[PDB]
S.K.: 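I have a structure I would like to understand better, so I am pasting it below and will then ask my questions one at a time.
Here, residue 1 is the first one in the sequence, and each next residue gets the next number.
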Amino acid sequence: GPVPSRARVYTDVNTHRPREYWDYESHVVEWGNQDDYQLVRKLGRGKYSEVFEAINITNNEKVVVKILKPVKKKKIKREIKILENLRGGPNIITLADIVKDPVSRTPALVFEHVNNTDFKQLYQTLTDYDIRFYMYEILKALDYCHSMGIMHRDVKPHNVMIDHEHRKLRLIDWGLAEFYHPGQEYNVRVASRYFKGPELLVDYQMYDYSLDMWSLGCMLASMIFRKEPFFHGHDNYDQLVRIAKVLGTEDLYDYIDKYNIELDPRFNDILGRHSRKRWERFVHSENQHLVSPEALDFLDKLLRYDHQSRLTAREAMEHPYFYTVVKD
Ligand SMILES: COc1ccc(/C=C2\S/C(=N\c3ccccc3)NC2=O)cc1O
């Protein structure tokens with residue numbers, strides 16, 4: 001069978017919490033007043049919800065209303081409990097309220113509103129310093145939720161709301177997030193394809209917080225190199241082949257050999273043999289201004305096959321890449 005794995009940090013956080021903290025199936029939702037919130041315009045539709053900009057008429061302030069499509073009560077309470085546990089943490093989106101939507105017949109989460117700059121203007125104009133700044137702001141959020149027993153499992157540009165005017169960042173969409181318990185086997189069908197960690201792509205279920213750091217590396221590579229997404233697979237199989245053309249196939253085999261994992265035989269025809277590449281290969285005159293030796297070394301230490309060898313969020317915040325960022 002496969003070799004078990006545990007997180008190298010925050011391993012026992014949920015163990016020594018009261019069972020109330022992580023036993024989300026037992027959570028009792030405390031409902032607000034649906035009539036306090038007036039929908040203004042639809043902002044998005046996902047597979048699991050729709051999201052609206054709205055007004056809270058008791059303070060005339062804008063809020064964002066996420067009305068869940070029908071989903072199992074378990075998963076609704078999971079998201080709710082996680083939002084409540086993490087509320088007030090650095091750069092975590094704030095759950096303001098929860099109300100019963102009369103039309104949907106499902107819960108509606110009420111969030112703080114972020115005046116977000118949308119993501120193509122952000123991708124096109126963020127400077128070297130801005131990338132470092134916002135990376136640091138993201139690591140603050142990730143170190144907080146990891147220290148609180150929670151992995152996000154869906155880190156990607158669209159879940160990072162930035163109001164670039166006020167240099168304000170918020171990590172959103174906790175609907176895939178889970179509590180980390182040592183030895184617990186999880187569902188590998190999480191994260192968007194381009195940000196899925198190798199552990200997911202080789203069907204290794206006993207993963208942990210370090211999955212978020214792989215996804216964060218994919219975001220970082222897309223920004224400093226100006227290739228979004230960076231690993232652009234046509235499906236989950238070709239996703240792993242795209243990674244292996246950069247990180248090499250020899251270390252991929254070392255990885256699965258360490259955990260006594262076996263690749264799906266369907267890779268036999270498509271994986272090939274690939275050397276590991278130096279990151280300088282992706283540097284050119286149109287992304288040069290975003291690359292430094294520090295950037296490449298930091299990236300290199302995030303994008304590791306072995307989830308156990310990636311930097312933790314806290315370790316990443318110690319990296320020289322962030323020495324130039326003004327600390328508050
Ligand atoms: C414009 O400002 C905001 C925008 C979004 C959120 C929070 C969200 S959005 C979400 N899920 C989605 C996303 C896209 C489509 C459908 C559902 N989950 C969250 O927590 C908070 C904001 O202040």
Side-chain angles (χ1 to χ4, degrees), residues 43-44 53 62 64 86 89-94 111-146 152 154-174 191-192 194-195 212-232 246 279-303 310-328:
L43 296 175
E53 163 182 310
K62 287 194 192 144
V64 176
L86 300 179
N91 297 326
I92 309 298
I93 199 72
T94 299
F111 298 102
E112 63 170 320
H113 168 87
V114 177
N115 188 26
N116 70 318
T117 324
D118 199 282
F119 299 93
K120 310 291 189 285
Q121 183 174 12
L122 276 179
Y123 163 77
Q124 287 296 338
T125 78
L126 288 175
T127 60
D128 174 39
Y129 186 86
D130 291 332
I131 295 176
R132 314 202 194 201
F133 182 85
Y134 285 126
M135 277 302 287
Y136 201 77
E137 295 302 305
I138 297 173
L139 283 163
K140 285 189 208 164
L142 290 169
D143 182 56
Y144 186 70
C145 75
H146 297 166
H152 187 279
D154 199 18
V155 175
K156 58 186 188 171
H158 284 325
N159 288 160
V160 182
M161 292 287 141
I162 298 160
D163 177 355
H164 193 42
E165 170 159 1
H166 297 106
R167 295 328 202 251
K168 179 160 78 161
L169 181 145
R170 295 272 181 294
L171 176 63
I172 62 156
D173 203 337
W174 295 80
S192 151
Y194 314 124
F195 310 85
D212 296 331
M213 304 306 298
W214 176 272
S215 307
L216 185 69
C218 300
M219 289 192 57
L220 173 69
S222 66
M223 306 288 314
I224 71 176
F225 292 138
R226 320 297 319 235
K227 186 183 182 313
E228 210 277 338
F230 185 66
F231 300 119
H232 198 165
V246 175
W279 293 105
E280 280 78 7
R281 146 198 288 261
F282 303 101
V283 171
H284 49 71
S285 56
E286 282 71 57
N287 64 27
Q288 231 166 69
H289 62 280
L290 301 180
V291 182
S292 54
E294 292 78 23
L296 294 191
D297 180 59
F298 178 49
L299 184 58
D300 190 50
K301 286 162 168 46
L302 294 181
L303 292 180
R310 294 167 207 157
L311 290 182
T312 61
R314 177 70 78 108
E315 280 181 324
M317 295 166 72
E318 305 285 296
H319 194 280
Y321 181 63
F322 298 110
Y323 287 171
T324 191
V325 178
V326 160
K327 296 334 182 287
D328 303 281

S.K.: Tell me which one of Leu311, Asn91, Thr312, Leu216 satisfies side chain to side chain contact (heavy atoms under 4.5 Å, CB included) with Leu139.
M.R.: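 Exactly one option meets the side chain to side chain contact (heavy atoms under 4.5 Å, CB included) with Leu139, and it is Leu216.
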
S.K.: Test side chain to side chain contact (heavy atoms under 4.5 Å, CB included) on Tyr136 and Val326; report intermediate values, then the result.
M.R.: CA-CA 10 Å; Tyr136 201 77; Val326 160; over 6 Å; no

S.K.: Hey, could you give me the NE2/CG distance between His158 and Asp173, rounded to the nearest 0.5 Å?
M.R.: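 These two atoms lie 11.5 Å from each other.
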
S.K.: So, for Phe119 and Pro157, which heavy atoms are closest and what is the spacing to 0.1 Å?
M.R.: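 Closest approach of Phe119 to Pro157, heavy atoms only: CE2-O, 3.1 Å.
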
S.K.: Donor-acceptor pair, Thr117 side chain versus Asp163 backbone, under 3.5 Å?
M.R.: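 Not confirmed, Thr117 side chain does not pair with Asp163 backbone.
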
S.K.: Can you see which heavy atom on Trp279 is nearest to which on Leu303, and at what distance?
M.R.: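 Where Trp279 meets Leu303 most closely, the heavy atoms are CH2-CD1, 3.6 Å.
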
S.K.: When you look at CZ of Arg314, are more than 12 heavy atoms from neighbouring residues, nucleotides or ligands closer to it than 6.0 Å?
M.R.: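 Not buried by this count: 12 neighbours or fewer within 6.0 Å.
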
S.K.: Over all heavy atoms of both residues, which pair between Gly217 and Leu302 is shortest? Give the atoms and the distance, please.
M.R.: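 Residues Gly217 and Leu302, closest heavy atoms: CA-CD1, 3.8 Å.
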
S.K.: Output yes when a side-chain donor or acceptor of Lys227 lies under 3.5 Å from a complementary backbone atom of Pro229, and no otherwise.
M.R.: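 Such a contact is found between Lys227 side chain and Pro229 backbone.
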
S.K.: Give the ring-plane orientation class for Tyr129 versus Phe133, where under 30° counts as parallel, over 60° as perpendicular and anything between as tilted.
M.R.: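 Plane angle under 30°, so parallel.
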
S.K.: Just so I know, are the side chains of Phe231 and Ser222 near enough to count as touching, which here means a heavy-atom distance under 4.5 Å?
M.R.: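 Side chain of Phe231 against side chain of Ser222, heavy atoms only: no contact under 4.5 Å found.
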
S.K.: For the ring pair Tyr194 and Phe230, is the centre-to-centre distance below 6.0 Å?
M.R.: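 No, ring centres 6.0 Å or more apart.
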
S.K.: Report yes if the distance between the aromatic ring centroids of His164 and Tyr134 is under 6.0 Å, otherwise no.
M.R.: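 Between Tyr134 and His164, which both carry aromatic rings, the centre distance is below 6.0 Å.
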
S.K.: So, taking the atom named CG in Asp128 and the one named CD1 in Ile224, what distance separates them when rounded to the nearest 0.5 Å?
M.R.: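 So the gap between those two atoms works out to 9.0 Å.
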
S.K.: Are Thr94 and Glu112 linked by a side-chain donor-acceptor pair shorter than 3.5 Å?
M.R.: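 Per modelled atom types, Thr94 and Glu112 side chains form a pair under 3.5 Å.
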
S.K.: If you measure from CZ on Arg167 to CG on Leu169, what distance do you get to the nearest 0.5 Å?
M.R.: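 One finds 12.0 Å between CZ of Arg167 and CG of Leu169.
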
S.K.: Nearest 0.5 Å please: distance from the OG atom of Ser215 over to the CD1 atom of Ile138.
M.R.: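 The CD1 atom of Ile138 is 11.0 Å from OG of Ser215, to the nearest 0.5 Å.
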
S.K.: To check you understand the geometry: which heavy-atom pair defines the closest contact between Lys156 and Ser192, and what is its length?
M.R.: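 For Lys156 and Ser192, the tightest heavy-atom pair comes out as CD-CB, 4.0 Å.
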
S.K.: In Å and rounded to the nearest 0.5 Å, what is the CD1 to CE distance from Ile172 to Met161?
M.R.: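 Reported to 0.5 Å precision, the distance equals 3.5 Å.
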
S.K.: If every non-hydrogen atom of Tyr144 is compared with every non-hydrogen atom of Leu86, which pair is closest and at what distance?
M.R.: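 Scanning both residues completely, I find the closest heavy atoms to be CE2-O, 3.6 Å.
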
S.K.: Please answer whether the main-chain N or O of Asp118 pairs with a side-chain N or O of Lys120 as donor and acceptor at a distance below 3.5 Å.
M.R.: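 It does not hold such a pair.
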
S.K.: For side chain to side chain contact (heavy atoms under 4.5 Å, CB included), just list the numbers for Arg310 and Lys301, CA-CA rounded to whole Å, side-chain angles, deciding distance to a tenth of an Å, and then say yes or no.
M.R.: CA-CA 6 Å; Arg310 294 167 207 157; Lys301 286 162 168 46; over 6 Å; no

S.K.: Mind checking whether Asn116 and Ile162 have side chains closer than 4.5 Å, heavy atoms only?
M.R.: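 No - every pair of side-chain heavy atoms lies 4.5 Å or more apart.
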
S.K.: Taking the six-membered ring of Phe282, is NZ or CZ of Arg226 closer than 6.0 Å to its centre and within 45° of its axis?
M.R.: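 Here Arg226 fails the 6.0 Å and 45° test against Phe282.
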
S.K.: Can any side-chain N or O of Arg132 pair as donor or acceptor with the backbone N or O of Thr127 at less than 3.5 Å?
M.R.: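 Between the backbone of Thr127 and the side chain of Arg132 there is no qualifying donor-acceptor contact (under 3.5 Å).
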
S.K.: Can you tell if the side chain of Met219 reaches within under 4.5 Å of the side chain of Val155, non-hydrogen atoms only?
M.R.: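 Result yes, sub-4.5 Å side-chain heavy-atom pair found.
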
S.K.: Which distance, rounded to the nearest 0.5 Å, do you find between the NZ of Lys327 and the CE of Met317?
M.R.: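 Atom-to-atom, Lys327:NZ and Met317:CE are 9.0 Å apart.
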
S.K.: Apply side chain to side chain contact (heavy atoms under 4.5 Å, CB included) to the pair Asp130 and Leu122, showing each step before the final yes or no.
M.R.: CA-CA 10 Å; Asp130 291 332; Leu122 276 179; over 6 Å; no

S.K.: Checking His152 side chain against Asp154 main chain: does a donor-acceptor pair fall under 3.5 Å?
M.R.: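 It does hold such a pair.
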
S.K.: Run the side chain to side chain contact (heavy atoms under 4.5 Å, CB included) check on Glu53 and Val64 step by step: do they pass?
M.R.: CA-CA 5 Å; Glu53 163 182 310; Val64 176; 5.5 Å; no

S.K.: Any donor-acceptor pair under 3.5 Å linking the side chain of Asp297 with the backbone of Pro320?
M.R.: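 No; zero donor-acceptor contacts below 3.5 Å.
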
S.K.: With a 4.5 Å heavy-atom cut-off, do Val291 and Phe225 have their side chains touching?
M.R.: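 Counting from C-beta outward, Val291 and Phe225 do come under 4.5 Å.
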
S.K.: How about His146 and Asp212: does a side-chain donor come under 3.5 Å of a side-chain acceptor?
M.R.: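 Yes, a side-chain donor-acceptor pair sits under 3.5 Å.
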
S.K.: Do you know which two heavy atoms are closest between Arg170 and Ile92, and how far apart they sit?
M.R.: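 What the structure gives for the nearest pair is CD-O, 3.7 Å.
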
S.K.: I'd like to know whether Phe322 forms a ring-ring contact (aromatic ring centres under 6.0 Å, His included) with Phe298, so could you lay out the CA-CA distance, the side-chain angles of the two residues, the decisive distance to 0.1 Å, and finally the verdict.
M.R.: CA-CA 10 Å; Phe322 298 110; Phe298 178 49; 5.3 Å; yes

